[PDB]
Amino acid sequence: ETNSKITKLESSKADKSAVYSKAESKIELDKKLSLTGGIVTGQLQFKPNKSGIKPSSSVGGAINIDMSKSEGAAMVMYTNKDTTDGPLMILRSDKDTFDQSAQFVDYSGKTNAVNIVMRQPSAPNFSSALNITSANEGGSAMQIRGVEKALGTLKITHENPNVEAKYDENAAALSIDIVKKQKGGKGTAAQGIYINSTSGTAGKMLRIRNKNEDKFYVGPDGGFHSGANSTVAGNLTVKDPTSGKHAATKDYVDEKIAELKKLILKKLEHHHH
Amino acid sequence: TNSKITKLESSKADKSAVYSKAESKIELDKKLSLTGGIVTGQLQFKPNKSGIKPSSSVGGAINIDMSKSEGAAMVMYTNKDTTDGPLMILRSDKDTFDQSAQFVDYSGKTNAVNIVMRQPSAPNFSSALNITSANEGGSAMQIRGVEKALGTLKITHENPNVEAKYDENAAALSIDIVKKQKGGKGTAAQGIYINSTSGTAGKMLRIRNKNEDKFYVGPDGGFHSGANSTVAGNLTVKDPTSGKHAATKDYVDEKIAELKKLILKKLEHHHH
Amino acid sequence: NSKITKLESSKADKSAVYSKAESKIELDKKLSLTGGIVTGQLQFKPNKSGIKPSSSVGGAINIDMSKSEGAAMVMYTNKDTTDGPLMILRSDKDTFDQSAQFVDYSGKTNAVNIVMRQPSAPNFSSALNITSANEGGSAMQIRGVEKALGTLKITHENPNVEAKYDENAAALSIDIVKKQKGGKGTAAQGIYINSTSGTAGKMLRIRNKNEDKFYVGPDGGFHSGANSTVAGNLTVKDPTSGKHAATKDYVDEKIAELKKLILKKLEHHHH
Ligand SMILES: CC(=O)N[C@@H]1[C@@H](O[C@@H]2O[C@H](C(=O)O)[C@@H](O[C@@H]3O[C@H](CO)[C@@H](O)[C@H](O[C@@H]4OC(C(=O)O)=C[C@H](O)[C@H]4O)[C@H]3NC(C)=O)[C@H](O)[C@H]2O)[C@H](O)[C@@H](CO)O[C@H]1O
Ligand SMILES: CC(=O)N[C@@H]1[C@@H](O[C@@H]2O[C@H](C(=O)O)[C@@H](O[C@@H]3O[C@H](CO)[C@@H](O)[C@H](O[C@@H]4OC(C(=O)O)=C[C@H](O)[C@H]4O)[C@H]3NC(C)=O)[C@H](O)[C@H]2O)[C@H](O)[C@@H](CO)O[C@H]1O
Ligand SMILES: CC(=O)N[C@@H]1[C@@H](O[C@@H]2O[C@H](C(=O)O)[C@@H](O[C@@H]3O[C@H](CO)[C@@H](O)[C@H](O[C@@H]4OC(C(=O)O)=C[C@H](O)[C@H]4O)[C@H]3NC(C)=O)[C@H](O)[C@H]2O)[C@H](O)[C@@H](CO)O[C@H]1O
Ligand SMILES: CC(=O)N[C@@H]1[C@@H](O[C@@H]2O[C@H](C(=O)O)[C@@H](O[C@@H]3O[C@H](CO)[C@@H](O)[C@H](O[C@@H]4OC(C(=O)O)=C[C@H](O)[C@H]4O)[C@H]3NC(C)=O)[C@H](O)[C@H]2O)[C@H](O)[C@@H](CO)O[C@H]1O
Ligand SMILES: CC(=O)N[C@@H]1[C@@H](O[C@@H]2O[C@H](C(=O)O)[C@@H](O[C@@H]3O[C@H](CO)[C@@H](O)[C@H](O[C@@H]4OC(C(=O)O)=C[C@H](O)[C@H]4O)[C@H]3NC(C)=O)[C@H](O)[C@H]2O)[C@H](O)[C@@H](CO)O[C@H]1O
Ligand SMILES: CC(=O)N[C@@H]1[C@@H](O[C@@H]2O[C@H](C(=O)O)[C@@H](O[C@@H]3O[C@H](CO)[C@@H](O)[C@H](O[C@@H]4OC(C(=O)O)=C[C@H](O)[C@H]4O)[C@H]3NC(C)=O)[C@H](O)[C@H]2O)[C@H](O)[C@@H](CO)O[C@H]1O
Ligand code: NI
């Protein structure tokens, strides 16, 4: 009779045991990341593999962040940890044939492209804002190129950390060391500073000022000007003088002495009373 | 019959209490697929007893492994005209923090980190890289290299203009030495300090122009200058022992006194 | 009864609802907040999304490591070759008024540390390469507040045990070049040293094995520690001390003084 209709409901309709309720669905969905944002509490691993990932500096990357339509930073990594077991950000490449950079910054804008600040510690310690090391003997550890009209390509300022004028007496703006190989080195013949102009310059090669006043320079011809009393702990070789304030050579002195001697001996030999 | 019905009423799922397939798709489409998607809000990482490691291969709250894939690991791009902060920020707050903000461990055949400042429409005072330290106990920056036949740091200044005098006020390296900005009474800091702690046979300073030696300071501190030079003051030197050595006042005075003595002796003792 | 019609309306059809097994298949394709492996591109396109610049809580991605060990982010590759760099930061508008990267570091080690490992063969590549085409600004700026060190410290280490191997190397190498495309020359300087506020220190101090060899003082006077040469004339002041270099004037005046004195004695002696 109507046992047909009841059997049809028993077959056609879904058991509550064999389907998730809306409450159970919400529990399961709430464990997944929404596209509108969320909090990840474990490791998110990216392992692209035949996934169409591109190198493009606009649309590429396993992660791409495009801030063109938004305020704010693309990415922020923050820690207030007292100590920990590794750095905040690591970039690593293992193959000697790897033919791309770890990091490329392609910057247009009106401020500094990369800005690195080491804040004042409570106790001074030997640590730097930037540490660069290379073990490649075929290349300069670091390269800088600029096109400045009226500034230095590299600008270094040393500021006295203290109000007292003698406090920084052992400091320098630039400090250079030249060392032998650490493990078993027999010495070194490396140079301190090498300056060239491959195409040739009209400028001074070295210009030293103090309170904006010229004190010492080396010109494009290699001649120097020194602004005060100076010393050579040794002999100085120079050209024979042709002007009043030119340094006299031993030859010039000896020739003038011999000329006077000859002239006087002649007068002495020939005078009469 | 009322038993069979009651059983249906209990065992079967209500339409109000279950999502349809259409509603399931709507809800799933709001969640990120492992195969990729577009996130439009903030993704926050807050690991906490989560087994996060420092390993430079498998560590990180985010780990990107590009070993089996072309492309960049990460790209941050903006075409915004202006904005309220930098693209990427790394920040550590504790002065006891004992790791770097960024570590680059590079093997390869090109430059590990490469920073380019493109030509602006109008020149302005901005840099590719700006470094500042307020730590008096350490050098703001350190560089170490092992070059066979190059500089550890190579700086090139290129004239921005075709005209040869345009860059006459520029330099490759510019150094300033200043007093403390707030209330400083002065400074005794040095410009350039060059040493060889282990000792070098090389020239300490070598200056060339068109690849030709013009001026140098040797490993012993002796200098060679390639043209006419000036001291606005006296120069102290050793007494000359060779023809082109500069003569001292003493050498001149001794030679004058020697001649004087010899002549006065002849004058005193001649007879007619 | 038509309680059967009410069951037909109130209850869900099996065809129109996912089973628990089908739900799990679909959920397993989505990222859990507890972690997982993404195998495609994750794109961030915030747009009126409340993204902030804050260096603590901002970013389209924010990683806070305050309550966890480990690194925030690791980018790793063991690829032999590839078609672009691991990480790229790019800004396109010349009006852009923020940095690409800002590091705000407190701590007791190096804020940024860049290492180029020993390659299998030497090649011309660097740990860091900096280039600017902005003529209005220094390509690079460094400021420090060192008590007793250099603001920039450069060390050259001999790559080889043999002492003459690195004879062409330097710690600092400077070149001064004309514009590559059509440049007629340059007047740029090599090294420019100043103290705008004025310093009592030596402007240039050169040592070898920690011993002073050559220096330029704050007044511009120099000291050289060994025999030296000028391929040219040296202009100096007239000497007033025994070891001062004599000028041509000093020599000529002393010669003329002796000459006069002798001619006078010669003119006036009797015997
Ligand atoms: C300092 C100095 O004088 N060094 C000499 C060295 O000159 C340098 O050459 C490099 C180089 O070409 O390898 C120059 O760097 C290039 O700079 C441009 C911007 O001007 C930059 O775009 C290049 O980066 C590439 O850019 C792009 C892109 O789409 O624009 C994509 C790539 O991912 C990226 O790598 C950059 N090239 C590299 C490889 O970094 C630098 O400006 C010069 O100073 C010279 O090559 C050698 C010759 O033997 O001598 C050195 O002394
Ligand atoms: C070509 C030549 O020899 N000119 C003679 C001139 O010498 C030049 O003096 C100028 C000067 O001081 O006016 C020097 O220009 C300075 O160069 C440095 C390094 O490139 C640069 O830092 C100076 O800029 C100042 O510093 C900074 C900064 O960020 O460090 C910013 C400001 O722009 C400024 O405060 C730059 N100064 C200027 C004003 O351009 C140049 O290097 C020297 O060659 C000499 O002084 C006079 C004779 O008294 O004759 C000229 O012919
Ligand atoms: C420029 C100069 O002369 N500085 C002197 C300074 O020497 C520098 O010492 C640092 C150092 O050890 O603190 C050297 O930096 C180390 O370089 C190695 C590569 O040779 C690099 O691997 C280190 O990084 C660590 O590496 C690893 C790893 O697994 O390999 C893990 C860590 O996360 C990472 O930190 C790097 N060390 C640091 C702390 O950055 C640098 O090469 C030297 O030039 C010397 O120590 C002091 C002594 O008073 O004097 C300075 O003048
Ligand atoms: C030890 C000594 O005194 N040698 C005498 C020699 O002086 C040397 O000259 C060489 C030379 O010019 O060949 C100098 O080598 C140059 O050094 C600089 C600094 O390290 C380096 O940049 C040069 O490399 C070239 O430069 C660049 C660059 O990017 O800057 C690109 C070129 O492709 C690259 O090869 C380097 N030149 C070479 C070829 O190695 C060295 O510094 C000087 O000491 C002197 O010229 C002769 C004649 O009197 O006698 C020798 O004994
Ligand atoms: C001598 C020299 O090397 N350059 C001279 C130059 O001095 C430099 O000025 C910059 C600058 O203010 O532009 C100084 O950099 C600032 O450093 C502070 C730390 O002391 C840092 O906080 C600034 O960054 C900002 O910081 C913050 C923040 O919340 O703290 C937020 C911003 O996002 C961030 O940008 C940094 N300012 C910058 C990068 O703009 C630098 O220390 C000085 O050496 C001087 O201005 C000019 C004068 O014409 O001459 C140069 O020669
Ligand atoms: C002010 C003055 O003229 N003093 C004379 C003095 O010369 C000074 O010598 C000191 C010295 O050697 O003690 C010099 O201090 C050195 O300066 C450099 C550059 O800033 C610095 O690197 C040295 O630090 C050593 O170097 C490093 C390093 O990483 O570079 C690591 C070591 O741990 C570190 O200590 C620094 N040396 C010290 C010990 O502070 C200073 O620059 C010179 O001006 C001269 O020696 C004597 C001769 O009798 O007279 C004084 O008046
Ligand atoms: Ni007589």
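- Per the deposited record, the coordinates in this entry were obtained by X-ray crystallography to a resolution of 2.2000 Å.

1. Considering the interface of chain A and chain C
Thinking step 1. Taken together, the contacts link 211 residues of chain A with 210 residues of chain C.
Thinking step 2. It is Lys-13, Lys-32 and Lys-245 of chain A that lose the most area in chain A upon contact with chain C, and together they represent 4% of the buried surface on that side.
Thinking step 3. Across the contact surface, chain A and chain C share 9 salt bridges.
Thinking step 4. Taken together, chain A and chain C are joined by 177 residue pairs in polar contact.
Thinking step 5. No other element matches the 9 residues that helix α3 (residues 250-270) of chain A contributes to the side of chain A that touches chain C.
Thinking step 6. Looking at the side of chain A that touches chain C residue by residue, the class counts come to 88 nonpolar, 78 polar and 45 charged.
Thinking step 7. Sheet topology places strand β6 (residues 103-107) of chain A next to strand β5 (residues 87-91) of chain C; 5 bridges connect them, and they run parallel. The partner of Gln-103 of chain A across the bridge, within β5 of chain C, is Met-87 of chain C.

2. Section: the coordination of the nickel ion (ligand 7)
Thinking step 1. For the nickel ion (ligand 7), the full set of protein donor atoms is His-271 of chain A (NE2), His-273 of chain A (NE2), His-270 of chain B (NE2), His-269 of chain C (NE2) and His-271 of chain C (NE2), at a range of 2.1 Å. Taken together, the residues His-271 of chain A in the segment after α3 and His-270 of chain B in the segment after α3 (249-269) connect one chain to another. A single burial state applies to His-271 of chain A and to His-270 of chain B, both of which are buried.

3. Observations regarding the site of ligand 1
Thinking step 1. Around ligand 1 sit 14 residues, and of these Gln-143 and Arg-145 of chain A, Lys-154 and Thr-156 of chain B together with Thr-131 of chain C come closest.
Thinking step 2. Mapping the residues near ligand 1 onto chains gives chains A, B and C.
Thinking step 3. Contact between ligand 1 and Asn-114 of chain B: an oxygen atom at 3.1 Å from a side-chain N or O atom of the residue.
Thinking step 4. With the chains in place, 53% of the 900 Å² that ligand 1 exposes on its own is no longer accessible.
Thinking step 5. Breaking the shell around ligand 1 down by element, the ones donating at least two residues are β9 (142-146) of chain A, β7 (113-117) and β10 (151-158) of chain B together with β8 (128-132) of chain C.
Thinking step 6. With 3 residues, β9 of chain A is the single largest residue contributor to the shell around ligand 1.
Thinking step 7. Partitioned by chemical class, the residues of the shell around ligand 1 number 4 nonpolar, 7 polar and 3 charged.

4. Notes on the pairing of β9 of chain A
Thinking step 1. Taken across its 5 residues, β9 of chain A has 4 buried, putting it largely inside the fold.
Thinking step 2. Looking at chain direction, β9 of chain A and β10 of chain B are connected through 5 bridges and run parallel. Pairing of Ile-144 of chain A across the sheet is with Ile-155 of chain B, part of β10 of chain B.
Thinking step 3. Of the pairings in the sheet, the one linking β9 of chain A to β8 of chain C comprises 4 bridges and is parallel in character. Along β8 of chain C, the bridge assignment pairs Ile-144 of chain A with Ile-130 of chain C.

5. Digging into the interface of chain B and chain A
Thinking step 1. Taken together, the 210 residues of chain B in the interface contact 212 residues of chain A.
Thinking step 2. Taken over both partners, the interface formed by chain B and chain A buries close to 18,000 Å², and the fraction arising from carbon and sulfur atoms is 54%.
Thinking step 3. It is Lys-12, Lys-31 and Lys-244 of chain B in chain B that bury the most area against chain A; as a group they hold 4% of the surface buried on that side.
Thinking step 4. The interface formed by chain B and chain A includes 8 salt bridges.
Thinking step 5. Run the count over chain B and chain A and you get 170 residue pairs in polar contact.

6. Observations regarding the site of ligand 2
Thinking step 1. Around ligand 2, the structure places 13 residues, and the nearest of them are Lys-155, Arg-207 and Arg-209 of chain A, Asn-169 of chain B together with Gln-189 of chain C.
Thinking step 2. Surrounding ligand 2 are residues belonging to chains A, B and C, so the site spans chains.
Thinking step 3. Measuring from an oxygen atom of ligand 2, one finds a side-chain N or O atom of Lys-155 of chain A at 2.9 Å.
Thinking step 4. Here an oxygen atom of ligand 2 sits 2.8 Å away from a polar atom, N or O, in the side chain of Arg-209 of chain A.
Thinking step 5. Taken together, the elements giving at least two residues each to the shell around ligand 2 come down to β10 (152-159) and β13 (206-210) of chain A, β11 (171-178) of chain B together with β12 (189-194) of chain C.
Thinking step 6. Here the shell around ligand 2 is composed, by residue class, of 5 nonpolar, 4 polar and 4 charged.

What counts and how
Residues numbered from 1 in each chain as written, not as in the entry; some residues may be left out. Chains lettered and ligands numbered in written order. Heavy atoms only, no water. Residues with missing side-chain atoms left out of burial classes, pairs and counts. Contact = heavy atoms within 4.5 Å. Buried area = accessible area lost by both parts, 1.4 Å probe. Salt bridge = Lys/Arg side-chain N within 4 Å of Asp/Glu carboxyl O. Polar contact = N/O pair within 3.5 Å; in protein donor to acceptor, adjacent residues only side chain to side chain. Helix = DSSP H or I, 4+ residues; strand = E, 2+ residues; numbered from the N terminus. Nonpolar A, V, L, I, M, F, W, Y, C, P; charged D, E, K, R; others polar. Pairing = 2+ DSSP bridges. Donors = N, O, S within 2.8 Å, 3.2 Å for Na, K, Ca; no water. Buried < 20%, exposed > 50% of the residue type's maximum accessible area, 1.4 Å probe, protein only. Near = heavy atom within 4 Å. Areas by Shrake-Rupley, 256 points an atom, 1.4 Å probe, with all protein chains shown as cover.

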